[PDB]
Amino acid sequence: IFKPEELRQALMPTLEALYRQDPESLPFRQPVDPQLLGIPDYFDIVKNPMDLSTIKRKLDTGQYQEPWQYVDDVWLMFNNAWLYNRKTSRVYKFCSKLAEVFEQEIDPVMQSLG
Ligand SMILES: CO[C@H]1CC[C@@H](n2c([C@@H]3CCCC(=O)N3c3ccc4c(c3)OCCO4)nc3cc(-c4c(C)noc4C)ccc32)CC1
């Protein structure tokens, strides 16, 4: 219902705001690799992986038809990390910071799109 360029122009700054977060975004900039990490149970627990680079690609390639699909992918990323990692880990606390940032950025944008 939305043109892919309008979605990208409006939404990409909110993704850029996540990428700008250092150290917090670094573990989220590429898909979780259970082979490199030695965690063969990762895809048992996380059935639908998501990360910043995959969200960026879906914006870049026109895979979102409406902006709540983008918001849902961002929250899928967050919920995957909170689900798999322990609350004392960097990834878990880093994820919480990304959620704080995203909440503030996505707010005016979703209003502007609808
Ligand atoms: C810049 O490419 C690298 C980024 C980080 C690396 N990676 C590591 C490493 C494994 C070595 C031992 C260590 O200590 N790692 C580490 C952990 C956190 C870091 C960090 C390094 O450096 C950047 C800031 O935070 N574990 C990770 C866990 C996840 C993850 C998420 C999200 N959901 O579920 C899981 C499980 C994702 C990436 C991970 C992988 C390539």
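First residue of the sequence shown? That's 1084 in the authors' numbering, and the numbers climb one at a time after it. Using N, Cα and C, we set each Cβ at its ideal position, and we do this for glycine too.
Are the CB atoms of residue j and residue i within a distance shorter than 7 Å?
{"i": "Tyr-1175", "j": "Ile-1128", "result": "no"}
{"i": "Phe-1085", "j": "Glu-1188", "result": "no"}
{"i": "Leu-1101", "j": "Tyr-1153", "result": "no"}
{"i": "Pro-1123", "j": "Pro-1117", "result": "yes"}
{"i": "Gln-1104", "j": "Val-1184", "result": "yes"}
{"i": "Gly-1145", "j": "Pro-1096", "result": "no"}
According to the neighbour-count rule (16 or more other Cβ atoms, all chains shown, within 10 Å of its Cβ), is residue i buried or exposed?
{"i": "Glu-1099", "result": "exposed"}
{"i": "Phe-1126", "result": "exposed"}
{"i": "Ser-1108", "result": "buried"}
{"i": "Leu-1120", "result": "exposed"}
{"i": "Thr-1171", "result": "exposed"}
{"i": "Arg-1140", "result": "exposed"}
{"i": "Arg-1091", "result": "buried"}
For a test of your reading of the model: does the CB of residue i fall under 6 Å from any non-hydrogen atom of ligand 1? Yes or no.
{"i": "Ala-1164", "result": "yes"}
{"i": "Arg-1173", "result": "yes"}
{"i": "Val-1157", "result": "no"}
{"i": "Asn-1168", "result": "yes"}
{"i": "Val-1192", "result": "no"}
{"i": "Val-1154", "result": "no"}
### Query
When the Cβ atoms of the region 1132 to 1148 are set against those of the region 1159 to 1167, are three or more pairs found closer than 8 Å?
yes
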